[PDB]
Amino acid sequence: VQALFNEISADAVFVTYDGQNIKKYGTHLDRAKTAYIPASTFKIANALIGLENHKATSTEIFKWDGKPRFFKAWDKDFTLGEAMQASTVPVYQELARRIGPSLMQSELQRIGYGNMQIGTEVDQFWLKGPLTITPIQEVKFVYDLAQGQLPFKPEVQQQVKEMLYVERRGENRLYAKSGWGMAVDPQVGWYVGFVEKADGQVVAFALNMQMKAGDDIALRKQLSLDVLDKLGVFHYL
């Protein structure tokens, strides 16, 4: 496995969690216990909090306001599920404003997410701070989501799980979310999720890497799939 980390001069770590054991792979293992903004990985929590507190539904359509967004791809209507996969920040900023600065702070504290700090602006905190979370915190969190063990209603955790559904290989399923924290120095890269393996075993993962400005968008996922293949968690079909 070991070549395919530095072959690109990457400052990165890959974490796996099986519900008893934490495993660390990569060029820089100490990133695993290091705190970073969640960026768009926070969308997982955001949806959970919104659904649980009746501020949104899995079926509701978030319509485009007509004004151009960061990507032309985002210039359309989205469900929270669609917006999750496209990582459509404007939709989730809206969800967060429905939630509110007091409720969002209370809920994050309630579920112990990262350092539990959001500050004054409810639609910015995951994008620039002060909310921070380690990769180990991220894997445990999604693993808990996978098992329906988070402090949310079971139906809520299920609905979000479905939002995360990325690919099926045979009897195995991949659930994942991406993050790119551009508004921070240095930039940070996330690929987070779990695989529901055929044998019924769940393995949760997190990739956390330094982002050297504008490198390729697909890199985070490609590495994680490669590592997942190398680990025998999610073999290439």
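In this text, rigid core is short for the largest set of C-alphas that superpose within 1.5 Å between two forms. All residue numbers refer to positions in the sequence shown, first residue = 1.
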inquiry  = Rigid core superposition, C-alpha RMS per stretch in 8 other deposited structures of this protein: which comes out larger, 21-29 or 6-14?
reply    = 6-14
request  = Between 205-213 and 52-60, report the one with more C-alpha displacement in 8 other deposited structures of this protein relative to this form after a rigid core superposition.
outcome  = 205-213
inquiry  = Mean CA temperature factor from the deposited coordinates, higher in 121-129 or in 138-146?
reply    = 121-129
request  = Report the stretch with the higher mean CA temperature factor, choosing between 206-214 and 174-182 on the basis of the entry.
outcome  = 206-214
message = When the deposited Cα B-factors of this chain's modelled residues are ordered and cut into thirds, is residue 42 in the lowest, the middle or the highest one?
response = lowest
query = What third of its chain, lowest, middle or highest, does the C-alpha temperature factor of residue 36 fall into?
reply = lowest
ask   = Split the chain's modelled residues into thirds by Cα B-factor; is residue 195 in the lowest, middle or highest one?
value = lowest
Position of residue 50 among the chain's modelled residues by C-alpha B-factor, lowest, middle or highest third = lowest
Cα B factor band for residue 157 (lowest, middle or highest third within the chain) = lowest
